[PDB]
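*Asks:* Contents of data_39.cif (mmCIF, N, CA and C atoms) are below:
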```cif
data_run
loop_
_atom_site.label_atom_id
_atom_site.label_comp_id
_atom_site.auth_asym_id
_atom_site.auth_seq_id
_atom_site.Cartn_x
_atom_site.Cartn_y
_atom_site.Cartn_z
N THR F 1 -148.24 63.15 -57.41
CA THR F 1 -149.69 63.33 -57.38
C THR F 1 -150.13 64.08 -56.13
N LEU F 2 -151.29 64.72 -56.21
CA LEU F 2 -151.80 65.49 -55.08
C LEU F 2 -152.02 64.62 -53.85
N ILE F 3 -152.43 63.36 -54.04
CA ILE F 3 -152.66 62.49 -52.89
C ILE F 3 -151.34 62.17 -52.19
N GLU F 4 -150.25 62.05 -52.94
CA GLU F 4 -148.95 61.85 -52.32
C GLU F 4 -148.56 63.05 -51.46
N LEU F 5 -148.83 64.26 -51.96
CA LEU F 5 -148.57 65.48 -51.20
C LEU F 5 -149.61 65.74 -50.15
N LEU F 6 -150.60 64.87 -50.00
CA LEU F 6 -151.51 64.91 -48.87
C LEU F 6 -151.11 63.95 -47.77
N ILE F 7 -150.28 62.96 -48.08
CA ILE F 7 -149.76 62.06 -47.06
C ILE F 7 -148.39 62.51 -46.58
N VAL F 8 -147.59 63.14 -47.44
CA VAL F 8 -146.36 63.77 -46.96
C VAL F 8 -146.69 64.76 -45.85
N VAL F 9 -147.71 65.59 -46.07
CA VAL F 9 -148.17 66.53 -45.05
C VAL F 9 -148.69 65.81 -43.82
N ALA F 10 -149.32 64.65 -43.99
CA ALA F 10 -149.89 63.93 -42.86
C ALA F 10 -148.85 63.19 -42.03
N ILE F 11 -147.67 62.93 -42.59
CA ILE F 11 -146.57 62.34 -41.84
C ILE F 11 -145.67 63.40 -41.23
N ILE F 12 -145.47 64.53 -41.92
CA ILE F 12 -144.70 65.62 -41.34
C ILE F 12 -145.34 66.10 -40.04
N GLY F 13 -146.67 66.19 -40.02
CA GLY F 13 -147.36 66.58 -38.80
C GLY F 13 -147.19 65.58 -37.68
N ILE F 14 -147.15 64.29 -38.01
CA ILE F 14 -146.98 63.26 -36.98
C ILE F 14 -145.58 63.32 -36.40
N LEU F 15 -144.57 63.34 -37.27
CA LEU F 15 -143.18 63.31 -36.81
C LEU F 15 -142.71 64.63 -36.22
N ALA F 16 -143.55 65.67 -36.23
CA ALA F 16 -143.22 66.94 -35.60
C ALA F 16 -143.72 67.03 -34.17
N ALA F 17 -144.40 65.99 -33.68
CA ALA F 17 -144.88 65.94 -32.29
C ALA F 17 -144.67 64.51 -31.80
N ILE F 18 -143.54 64.27 -31.14
CA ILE F 18 -143.19 62.93 -30.69
C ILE F 18 -142.95 63.00 -29.18
N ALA F 19 -143.64 63.94 -28.52
CA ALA F 19 -143.57 64.10 -27.07
C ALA F 19 -142.13 64.33 -26.61
N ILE F 20 -141.59 65.45 -27.08
CA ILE F 20 -140.21 65.81 -26.77
C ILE F 20 -140.09 66.11 -25.28
N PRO F 21 -139.18 65.46 -24.56
CA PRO F 21 -139.15 65.60 -23.11
C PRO F 21 -138.27 66.77 -22.66
N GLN F 22 -138.58 67.26 -21.47
CA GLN F 22 -137.85 68.36 -20.85
C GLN F 22 -136.59 67.81 -20.20
N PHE F 23 -135.46 68.39 -20.55
CA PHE F 23 -134.17 67.96 -20.00
C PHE F 23 -133.66 68.97 -18.98
N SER F 24 -134.44 69.12 -17.91
CA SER F 24 -134.10 70.05 -16.84
C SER F 24 -133.62 69.34 -15.58
N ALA F 25 -134.41 68.40 -15.07
CA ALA F 25 -133.97 67.65 -13.90
C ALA F 25 -132.73 66.83 -14.20
N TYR F 26 -132.65 66.28 -15.41
CA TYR F 26 -131.65 65.27 -15.75
C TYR F 26 -130.25 65.86 -15.76
N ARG F 27 -130.16 67.18 -15.69
CA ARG F 27 -128.94 67.97 -15.67
C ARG F 27 -128.67 68.63 -14.32
N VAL F 28 -129.73 69.07 -13.63
CA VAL F 28 -129.54 69.62 -12.29
C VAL F 28 -129.06 68.53 -11.34
N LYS F 29 -129.47 67.28 -11.56
CA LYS F 29 -128.90 66.20 -10.76
C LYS F 29 -127.40 66.09 -10.97
N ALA F 30 -126.94 66.26 -12.21
CA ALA F 30 -125.50 66.24 -12.48
C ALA F 30 -124.80 67.39 -11.77
N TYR F 31 -125.38 68.59 -11.84
CA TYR F 31 -124.79 69.73 -11.15
C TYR F 31 -124.68 69.47 -9.65
N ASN F 32 -125.74 68.92 -9.06
CA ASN F 32 -125.76 68.62 -7.63
C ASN F 32 -124.70 67.59 -7.28
N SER F 33 -124.58 66.53 -8.08
CA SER F 33 -123.58 65.51 -7.82
C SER F 33 -122.16 66.02 -8.03
N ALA F 34 -121.97 67.07 -8.83
CA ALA F 34 -120.66 67.70 -8.89
C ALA F 34 -120.36 68.46 -7.61
N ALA F 35 -121.34 69.24 -7.13
CA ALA F 35 -121.11 70.04 -5.93
C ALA F 35 -120.87 69.15 -4.71
N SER F 36 -121.63 68.06 -4.59
CA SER F 36 -121.48 67.17 -3.44
C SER F 36 -120.11 66.50 -3.42
N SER F 37 -119.66 66.00 -4.57
CA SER F 37 -118.32 65.44 -4.68
C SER F 37 -117.27 66.47 -4.32
N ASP F 38 -117.44 67.70 -4.80
CA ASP F 38 -116.49 68.76 -4.48
C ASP F 38 -116.40 68.99 -2.98
N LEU F 39 -117.55 69.03 -2.30
CA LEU F 39 -117.53 69.26 -0.86
C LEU F 39 -116.86 68.10 -0.12
N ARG F 40 -117.17 66.86 -0.52
CA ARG F 40 -116.55 65.71 0.12
C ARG F 40 -115.04 65.70 -0.09
N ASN F 41 -114.58 66.27 -1.20
CA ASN F 41 -113.15 66.42 -1.46
C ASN F 41 -112.54 67.50 -0.57
N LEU F 42 -113.23 68.63 -0.48
CA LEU F 42 -112.76 69.74 0.35
C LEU F 42 -112.63 69.31 1.81
N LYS F 43 -113.50 68.41 2.26
CA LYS F 43 -113.36 67.90 3.63
C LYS F 43 -112.02 67.21 3.83
N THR F 44 -111.59 66.39 2.86
CA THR F 44 -110.28 65.77 2.94
C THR F 44 -109.19 66.82 3.01
N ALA F 45 -109.31 67.86 2.18
CA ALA F 45 -108.30 68.91 2.19
C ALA F 45 -108.20 69.57 3.56
N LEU F 46 -109.35 69.93 4.13
CA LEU F 46 -109.38 70.57 5.44
C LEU F 46 -108.78 69.68 6.52
N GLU F 47 -109.16 68.40 6.53
CA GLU F 47 -108.71 67.55 7.62
C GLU F 47 -107.25 67.15 7.48
N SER F 48 -106.70 67.20 6.27
CA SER F 48 -105.25 67.05 6.13
C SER F 48 -104.53 68.31 6.60
N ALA F 49 -105.07 69.49 6.27
CA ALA F 49 -104.44 70.72 6.72
C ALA F 49 -104.40 70.80 8.24
N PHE F 50 -105.48 70.36 8.91
CA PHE F 50 -105.46 70.34 10.37
C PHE F 50 -104.38 69.40 10.88
N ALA F 51 -104.27 68.21 10.28
CA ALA F 51 -103.23 67.29 10.70
C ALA F 51 -101.84 67.81 10.39
N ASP F 52 -101.74 68.86 9.59
CA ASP F 52 -100.46 69.55 9.44
C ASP F 52 -100.22 70.56 10.56
N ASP F 53 -101.17 71.47 10.79
CA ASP F 53 -100.92 72.64 11.62
C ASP F 53 -101.66 72.64 12.95
N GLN F 54 -102.33 71.54 13.31
CA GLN F 54 -103.17 71.46 14.51
C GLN F 54 -104.30 72.49 14.48
N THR F 55 -104.55 73.09 13.32
CA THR F 55 -105.58 74.11 13.19
C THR F 55 -106.11 74.10 11.77
N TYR F 56 -107.42 74.30 11.62
CA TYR F 56 -107.98 74.46 10.30
C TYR F 56 -107.55 75.81 9.71
N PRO F 57 -107.36 75.88 8.40
CA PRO F 57 -106.77 77.08 7.81
C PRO F 57 -107.65 78.29 8.03
N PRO F 58 -107.06 79.48 8.12
CA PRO F 58 -107.85 80.70 8.22
C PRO F 58 -108.61 80.98 6.93
N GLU F 59 -109.73 81.68 7.07
CA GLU F 59 -110.59 81.96 5.93
C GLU F 59 -109.88 82.86 4.92
N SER F 60 -110.35 82.79 3.68
CA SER F 60 -109.83 83.61 2.58
C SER F 60 -108.33 83.40 2.37
N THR H 1 -109.91 54.87 3.79
CA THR H 1 -110.11 56.17 3.16
C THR H 1 -108.85 57.03 3.29
N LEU H 2 -108.72 58.00 2.37
CA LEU H 2 -107.54 58.86 2.37
C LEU H 2 -107.42 59.65 3.67
N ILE H 3 -108.54 60.04 4.28
CA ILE H 3 -108.46 60.80 5.52
C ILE H 3 -107.93 59.93 6.65
N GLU H 4 -108.25 58.64 6.65
CA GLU H 4 -107.68 57.74 7.65
C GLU H 4 -106.17 57.64 7.49
N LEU H 5 -105.69 57.58 6.25
CA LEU H 5 -104.26 57.55 5.98
C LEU H 5 -103.62 58.91 6.10
N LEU H 6 -104.38 59.95 6.44
CA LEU H 6 -103.82 61.24 6.80
C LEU H 6 -103.70 61.42 8.30
N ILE H 7 -104.42 60.62 9.08
CA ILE H 7 -104.28 60.65 10.53
C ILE H 7 -103.32 59.57 11.01
N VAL H 8 -103.25 58.44 10.31
CA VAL H 8 -102.19 57.47 10.62
C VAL H 8 -100.83 58.15 10.52
N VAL H 9 -100.61 58.91 9.44
CA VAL H 9 -99.38 59.67 9.28
C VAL H 9 -99.21 60.72 10.37
N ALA H 10 -100.31 61.31 10.84
CA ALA H 10 -100.21 62.36 11.84
C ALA H 10 -99.96 61.82 13.24
N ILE H 11 -100.24 60.54 13.49
CA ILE H 11 -99.92 59.91 14.76
C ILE H 11 -98.54 59.27 14.73
N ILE H 12 -98.14 58.70 13.59
CA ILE H 12 -96.79 58.15 13.47
C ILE H 12 -95.75 59.23 13.73
N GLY H 13 -95.98 60.44 13.21
CA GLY H 13 -95.06 61.53 13.47
C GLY H 13 -95.01 61.94 14.93
N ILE H 14 -96.14 61.87 15.62
CA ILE H 14 -96.17 62.23 17.04
C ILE H 14 -95.42 61.20 17.87
N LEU H 15 -95.73 59.92 17.66
CA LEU H 15 -95.13 58.86 18.47
C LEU H 15 -93.69 58.57 18.09
N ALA H 16 -93.14 59.23 17.07
CA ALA H 16 -91.74 59.09 16.71
C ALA H 16 -90.86 60.13 17.37
N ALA H 17 -91.43 61.04 18.16
CA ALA H 17 -90.68 62.05 18.90
C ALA H 17 -91.34 62.19 20.27
N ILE H 18 -90.81 61.47 21.25
CA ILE H 18 -91.40 61.44 22.58
C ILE H 18 -90.31 61.86 23.57
N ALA H 19 -89.36 62.67 23.10
CA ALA H 19 -88.28 63.21 23.92
C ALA H 19 -87.47 62.07 24.56
N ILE H 20 -86.85 61.29 23.69
CA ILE H 20 -86.06 60.14 24.12
C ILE H 20 -84.84 60.62 24.90
N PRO H 21 -84.63 60.16 26.12
CA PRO H 21 -83.57 60.72 26.96
C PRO H 21 -82.23 60.02 26.74
N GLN H 22 -81.17 60.76 27.05
CA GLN H 22 -79.80 60.26 26.94
C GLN H 22 -79.48 59.44 28.18
N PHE H 23 -79.03 58.21 27.96
CA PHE H 23 -78.67 57.32 29.05
C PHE H 23 -77.16 57.20 29.18
N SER H 24 -76.53 58.33 29.48
CA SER H 24 -75.09 58.39 29.64
C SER H 24 -74.66 58.54 31.08
N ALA H 25 -75.19 59.54 31.78
CA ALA H 25 -74.85 59.70 33.19
C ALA H 25 -75.35 58.52 34.01
N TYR H 26 -76.52 57.99 33.65
CA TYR H 26 -77.23 57.03 34.49
C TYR H 26 -76.49 55.71 34.57
N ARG H 27 -75.47 55.55 33.74
CA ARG H 27 -74.61 54.38 33.64
C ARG H 27 -73.19 54.65 34.13
N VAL H 28 -72.66 55.85 33.88
CA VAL H 28 -71.35 56.20 34.41
C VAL H 28 -71.39 56.24 35.94
N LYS H 29 -72.54 56.64 36.51
CA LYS H 29 -72.66 56.54 37.97
C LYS H 29 -72.52 55.10 38.44
N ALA H 30 -73.11 54.16 37.71
CA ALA H 30 -72.96 52.75 38.06
C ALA H 30 -71.50 52.31 37.96
N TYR H 31 -70.82 52.71 36.89
CA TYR H 31 -69.41 52.37 36.74
C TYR H 31 -68.59 52.91 37.91
N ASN H 32 -68.85 54.16 38.29
CA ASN H 32 -68.13 54.80 39.38
C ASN H 32 -68.39 54.07 40.70
N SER H 33 -69.65 53.72 40.96
CA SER H 33 -69.98 53.01 42.18
C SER H 33 -69.42 51.60 42.21
N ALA H 34 -69.14 51.00 41.05
CA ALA H 34 -68.43 49.73 41.03
C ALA H 34 -66.97 49.94 41.43
N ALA H 35 -66.32 50.95 40.84
CA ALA H 35 -64.91 51.18 41.13
C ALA H 35 -64.69 51.55 42.60
N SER H 36 -65.58 52.37 43.16
CA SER H 36 -65.43 52.80 44.55
C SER H 36 -65.57 51.62 45.51
N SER H 37 -66.58 50.78 45.28
CA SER H 37 -66.75 49.57 46.08
C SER H 37 -65.52 48.67 45.97
N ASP H 38 -64.99 48.53 44.76
CA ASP H 38 -63.80 47.70 44.57
C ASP H 38 -62.63 48.23 45.38
N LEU H 39 -62.42 49.55 45.38
CA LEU H 39 -61.31 50.12 46.14
C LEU H 39 -61.51 49.91 47.64
N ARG H 40 -62.73 50.13 48.13
CA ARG H 40 -62.99 49.94 49.55
C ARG H 40 -62.78 48.48 49.96
N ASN H 41 -63.00 47.55 49.03
CA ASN H 41 -62.72 46.14 49.27
C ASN H 41 -61.22 45.87 49.30
N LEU H 42 -60.50 46.44 48.33
CA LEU H 42 -59.06 46.27 48.26
C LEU H 42 -58.38 46.79 49.52
N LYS H 43 -58.94 47.84 50.13
CA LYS H 43 -58.37 48.33 51.38
C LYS H 43 -58.43 47.26 52.47
N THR H 44 -59.55 46.53 52.56
CA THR H 44 -59.64 45.43 53.52
C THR H 44 -58.58 44.39 53.22
N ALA H 45 -58.40 44.06 51.93
CA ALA H 45 -57.40 43.06 51.57
C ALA H 45 -56.01 43.49 52.02
N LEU H 46 -55.65 44.74 51.72
CA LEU H 46 -54.34 45.26 52.10
C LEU H 46 -54.13 45.23 53.61
N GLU H 47 -55.13 45.69 54.36
CA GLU H 47 -54.93 45.81 55.79
C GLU H 47 -54.96 44.47 56.50
N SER H 48 -55.58 43.45 55.90
CA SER H 48 -55.44 42.10 56.42
C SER H 48 -54.06 41.54 56.11
N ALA H 49 -53.56 41.79 54.90
CA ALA H 49 -52.23 41.31 54.55
C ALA H 49 -51.17 41.90 55.47
N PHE H 50 -51.30 43.18 55.81
CA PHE H 50 -50.36 43.78 56.75
C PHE H 50 -50.45 43.09 58.11
N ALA H 51 -51.67 42.85 58.59
CA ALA H 51 -51.81 42.16 59.86
C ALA H 51 -51.32 40.73 59.80
N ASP H 52 -51.06 40.21 58.60
CA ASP H 52 -50.36 38.94 58.49
C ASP H 52 -48.85 39.10 58.58
N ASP H 53 -48.27 39.98 57.76
CA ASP H 53 -46.83 39.99 57.57
C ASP H 53 -46.13 41.22 58.14
N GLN H 54 -46.84 42.07 58.89
CA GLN H 54 -46.30 43.33 59.40
C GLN H 54 -45.85 44.26 58.28
N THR H 55 -46.23 43.96 57.04
CA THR H 55 -45.83 44.75 55.89
C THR H 55 -46.89 44.64 54.81
N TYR H 56 -47.15 45.74 54.12
CA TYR H 56 -48.03 45.68 52.97
C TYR H 56 -47.34 44.94 51.83
N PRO H 57 -48.11 44.21 51.01
CA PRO H 57 -47.50 43.33 50.03
C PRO H 57 -46.69 44.12 49.02
N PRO H 58 -45.63 43.51 48.47
CA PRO H 58 -44.88 44.18 47.40
C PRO H 58 -45.70 44.30 46.13
N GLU H 59 -45.37 45.32 45.34
CA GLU H 59 -46.11 45.60 44.11
C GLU H 59 -45.96 44.46 43.11
N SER H 60 -46.93 44.37 42.21
CA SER H 60 -46.94 43.36 41.14
C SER H 60 -46.87 41.94 41.68
#
```
Please lay out the structure from this file as structure tokens.
*Replies:*
Amino acid sequence: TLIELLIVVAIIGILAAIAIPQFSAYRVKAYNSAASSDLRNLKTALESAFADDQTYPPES
Amino acid sequence: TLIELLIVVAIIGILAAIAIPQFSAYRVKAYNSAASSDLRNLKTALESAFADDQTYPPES
């Protein structure tokens, strides 16, 4: 019936706007926490290399 | 932390090589100075025995 096809339309419009959130910060935090962990790891690498050669490794 | 166990290893290696000296001459000199003193003592014994018997003692 036409009234049924007037409520189908009235629910499609509702379920098409459910305040979809932006997933931008929630991922840049992950990127940042990857970089920070990587740096804290690289520090271990550097300080072990010094304890090998009494010198931090040359660049490149 | 792993870095602490990288410096413990770096100090154990240092304190395991401190140029340990050879104690060979420093003891053979003592042995020699014992033998020399003994001989200088035996000379007194011999020369007293002669002043007893007008003759140095027979061997063995």
*Asks:* Care to translate the PyMOL selection byres (((chain H and resi 4-20 and name CA) around 12) and name CA) into actual residues of this file, as a list in words?
*Replies:*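 Checked against the file, the PyMOL selection byres (((chain H and resi 4-20 and name CA) around 12) and name CA) matches residues 44, 45, 46, 47, 48, 49, 50, 51, 52, 53 and 54 of chain F; 1, 2, 3, 21, 22 and 23 of chain H.
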*Asks:* Could you fit chain H onto chain F with a least-squares superposition over all C-alpha atoms, matched one to one in order, and give me the transformed chain as a short mmCIF file (atom, residue, chain, number, x, y, z; two decimals) with N, CA and C atoms, in the frame of the given file?
*Replies:*
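File written: out_5.cif
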```cif
data_model
loop_
_atom_site.label_atom_id
_atom_site.label_comp_id
_atom_site.auth_asym_id
_atom_site.auth_seq_id
_atom_site.Cartn_x
_atom_site.Cartn_y
_atom_site.Cartn_z
N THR H 1 -148.24 63.15 -57.40
CA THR H 1 -149.69 63.33 -57.39
C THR H 1 -150.12 64.08 -56.12
N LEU H 2 -151.30 64.72 -56.21
CA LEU H 2 -151.80 65.50 -55.08
C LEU H 2 -152.03 64.62 -53.86
N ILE H 3 -152.43 63.36 -54.04
CA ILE H 3 -152.65 62.50 -52.89
C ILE H 3 -151.34 62.17 -52.19
N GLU H 4 -150.25 62.05 -52.94
CA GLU H 4 -148.95 61.85 -52.31
C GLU H 4 -148.56 63.05 -51.47
N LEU H 5 -148.83 64.26 -51.96
CA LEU H 5 -148.57 65.47 -51.21
C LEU H 5 -149.60 65.74 -50.14
N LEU H 6 -150.60 64.87 -49.99
CA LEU H 6 -151.51 64.91 -48.86
C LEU H 6 -151.11 63.95 -47.76
N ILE H 7 -150.28 62.96 -48.08
CA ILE H 7 -149.76 62.06 -47.06
C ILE H 7 -148.39 62.51 -46.58
N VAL H 8 -147.60 63.14 -47.44
CA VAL H 8 -146.36 63.77 -46.96
C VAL H 8 -146.69 64.76 -45.85
N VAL H 9 -147.71 65.59 -46.07
CA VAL H 9 -148.17 66.52 -45.05
C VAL H 9 -148.69 65.81 -43.81
N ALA H 10 -149.32 64.64 -43.99
CA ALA H 10 -149.89 63.93 -42.85
C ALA H 10 -148.85 63.19 -42.03
N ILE H 11 -147.67 62.93 -42.59
CA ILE H 11 -146.57 62.33 -41.84
C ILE H 11 -145.68 63.40 -41.23
N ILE H 12 -145.47 64.52 -41.92
CA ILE H 12 -144.70 65.62 -41.34
C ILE H 12 -145.34 66.10 -40.05
N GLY H 13 -146.68 66.19 -40.02
CA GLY H 13 -147.36 66.58 -38.80
C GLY H 13 -147.20 65.57 -37.68
N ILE H 14 -147.15 64.29 -38.01
CA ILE H 14 -146.98 63.26 -36.98
C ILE H 14 -145.58 63.31 -36.40
N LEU H 15 -144.57 63.34 -37.27
CA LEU H 15 -143.18 63.31 -36.80
C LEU H 15 -142.72 64.63 -36.22
N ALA H 16 -143.55 65.67 -36.23
CA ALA H 16 -143.22 66.94 -35.60
C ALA H 16 -143.72 67.03 -34.17
N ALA H 17 -144.40 66.00 -33.67
CA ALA H 17 -144.87 65.94 -32.29
C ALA H 17 -144.67 64.51 -31.80
N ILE H 18 -143.54 64.27 -31.14
CA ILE H 18 -143.18 62.93 -30.70
C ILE H 18 -142.96 63.00 -29.18
N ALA H 19 -143.63 63.94 -28.52
CA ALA H 19 -143.58 64.10 -27.07
C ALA H 19 -142.13 64.34 -26.61
N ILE H 20 -141.59 65.45 -27.08
CA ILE H 20 -140.21 65.82 -26.77
C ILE H 20 -140.08 66.12 -25.28
N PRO H 21 -139.18 65.46 -24.56
CA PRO H 21 -139.14 65.60 -23.11
C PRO H 21 -138.27 66.77 -22.66
N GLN H 22 -138.59 67.26 -21.46
CA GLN H 22 -137.85 68.36 -20.84
C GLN H 22 -136.59 67.80 -20.19
N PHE H 23 -135.45 68.38 -20.55
CA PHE H 23 -134.18 67.97 -20.00
C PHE H 23 -133.67 68.97 -18.98
N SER H 24 -134.44 69.12 -17.91
CA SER H 24 -134.10 70.04 -16.84
C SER H 24 -133.62 69.34 -15.58
N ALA H 25 -134.40 68.40 -15.07
CA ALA H 25 -133.97 67.65 -13.89
C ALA H 25 -132.73 66.83 -14.20
N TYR H 26 -132.65 66.28 -15.41
CA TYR H 26 -131.65 65.27 -15.74
C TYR H 26 -130.25 65.86 -15.76
N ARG H 27 -130.16 67.18 -15.68
CA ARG H 27 -128.94 67.96 -15.67
C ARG H 27 -128.67 68.62 -14.32
N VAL H 28 -129.72 69.08 -13.63
CA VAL H 28 -129.55 69.62 -12.29
C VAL H 28 -129.05 68.53 -11.34
N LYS H 29 -129.48 67.28 -11.56
CA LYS H 29 -128.90 66.20 -10.76
C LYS H 29 -127.40 66.09 -10.97
N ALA H 30 -126.94 66.25 -12.21
CA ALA H 30 -125.51 66.24 -12.48
C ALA H 30 -124.80 67.39 -11.77
N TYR H 31 -125.38 68.59 -11.84
CA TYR H 31 -124.80 69.73 -11.15
C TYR H 31 -124.68 69.47 -9.65
N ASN H 32 -125.74 68.91 -9.06
CA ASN H 32 -125.76 68.63 -7.63
C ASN H 32 -124.69 67.59 -7.27
N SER H 33 -124.58 66.53 -8.08
CA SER H 33 -123.58 65.51 -7.82
C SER H 33 -122.16 66.02 -8.03
N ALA H 34 -121.97 67.07 -8.82
CA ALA H 34 -120.66 67.70 -8.90
C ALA H 34 -120.36 68.45 -7.61
N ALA H 35 -121.34 69.24 -7.13
CA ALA H 35 -121.11 70.04 -5.93
C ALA H 35 -120.87 69.15 -4.70
N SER H 36 -121.62 68.05 -4.59
CA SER H 36 -121.48 67.17 -3.44
C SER H 36 -120.11 66.50 -3.42
N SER H 37 -119.67 66.01 -4.57
CA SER H 37 -118.33 65.44 -4.68
C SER H 37 -117.26 66.47 -4.32
N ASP H 38 -117.44 67.70 -4.80
CA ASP H 38 -116.48 68.76 -4.48
C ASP H 38 -116.40 68.99 -2.99
N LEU H 39 -117.54 69.03 -2.30
CA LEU H 39 -117.53 69.26 -0.85
C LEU H 39 -116.85 68.10 -0.13
N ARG H 40 -117.17 66.86 -0.52
CA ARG H 40 -116.55 65.71 0.12
C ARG H 40 -115.03 65.70 -0.09
N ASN H 41 -114.57 66.27 -1.21
CA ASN H 41 -113.15 66.42 -1.46
C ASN H 41 -112.54 67.50 -0.57
N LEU H 42 -113.23 68.64 -0.48
CA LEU H 42 -112.77 69.74 0.35
C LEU H 42 -112.63 69.31 1.81
N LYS H 43 -113.50 68.40 2.26
CA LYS H 43 -113.36 67.91 3.63
C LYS H 43 -112.02 67.20 3.83
N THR H 44 -111.59 66.40 2.85
CA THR H 44 -110.28 65.76 2.94
C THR H 44 -109.19 66.82 3.01
N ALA H 45 -109.31 67.87 2.18
CA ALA H 45 -108.30 68.92 2.19
C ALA H 45 -108.20 69.57 3.56
N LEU H 46 -109.35 69.93 4.13
CA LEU H 46 -109.38 70.56 5.44
C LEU H 46 -108.77 69.68 6.52
N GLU H 47 -109.16 68.40 6.53
CA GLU H 47 -108.71 67.55 7.61
C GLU H 47 -107.25 67.15 7.48
N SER H 48 -106.69 67.20 6.27
CA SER H 48 -105.25 67.06 6.13
C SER H 48 -104.53 68.31 6.60
N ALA H 49 -105.07 69.49 6.27
CA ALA H 49 -104.44 70.72 6.72
C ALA H 49 -104.40 70.80 8.24
N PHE H 50 -105.47 70.37 8.91
CA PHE H 50 -105.46 70.34 10.36
C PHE H 50 -104.38 69.40 10.88
N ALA H 51 -104.27 68.21 10.28
CA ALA H 51 -103.23 67.29 10.70
C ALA H 51 -101.84 67.80 10.39
N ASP H 52 -101.74 68.86 9.59
CA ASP H 52 -100.46 69.55 9.44
C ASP H 52 -100.22 70.56 10.56
N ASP H 53 -101.17 71.47 10.79
CA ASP H 53 -100.91 72.63 11.61
C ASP H 53 -101.66 72.64 12.94
N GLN H 54 -102.33 71.54 13.31
CA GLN H 54 -103.16 71.47 14.51
C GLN H 54 -104.30 72.49 14.48
N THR H 55 -104.55 73.09 13.33
CA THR H 55 -105.58 74.11 13.19
C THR H 55 -106.12 74.10 11.77
N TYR H 56 -107.42 74.30 11.62
CA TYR H 56 -107.98 74.46 10.30
C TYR H 56 -107.55 75.81 9.72
N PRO H 57 -107.36 75.88 8.40
CA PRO H 57 -106.77 77.07 7.81
C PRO H 57 -107.65 78.29 8.03
N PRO H 58 -107.05 79.48 8.13
CA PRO H 58 -107.86 80.70 8.22
C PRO H 58 -108.61 80.98 6.93
N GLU H 59 -109.73 81.67 7.08
CA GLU H 59 -110.60 81.97 5.93
C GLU H 59 -109.89 82.86 4.92
N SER H 60 -110.35 82.79 3.68
CA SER H 60 -109.82 83.61 2.58
C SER H 60 -108.33 83.41 2.38
#
```
*Asks:* Write down as a VMD selection string the residues belonging to chain F that are assigned alpha helix (DSSP H) by DSSP computed on the backbone.
*Replies:* chain F and resid 4 to 15 25 to 53
*Asks:* Starting from 5 Å padding per side, set up an axis-aligned box that covers all listed atoms of stretch 28-39 of chain F and hand over centre and edge lengths in Å, one decimal, as JSON.
*Replies:*
```
{"center_x": -123.1, "center_y": 67.7, "center_z": -6.9, "size_x": 23.3, "size_y": 14.6, "size_z": 23.5}
```
*Asks:* Just to confirm, what's the straight-line distance from atom N of residue F:40 to atom N of residue F:55 in Å (one decimal)?
*Replies:*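 So the answer is 19.7 Å.
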*Asks:* For the atom pair atom C of residue H:43 and atom C of residue H:57, what is the interatomic distance in Å to one decimal place?
*Replies:*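 Pair atom C of residue H:43 / atom C of residue H:57 returns 12.6 Å.
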*Asks:* What does the distance from atom C of residue F:58 to atom N of residue F:42 come to in Å, to one decimal?
*Replies:*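 Between atom C of residue F:58 and atom N of residue F:42 the gap is 15.1 Å.
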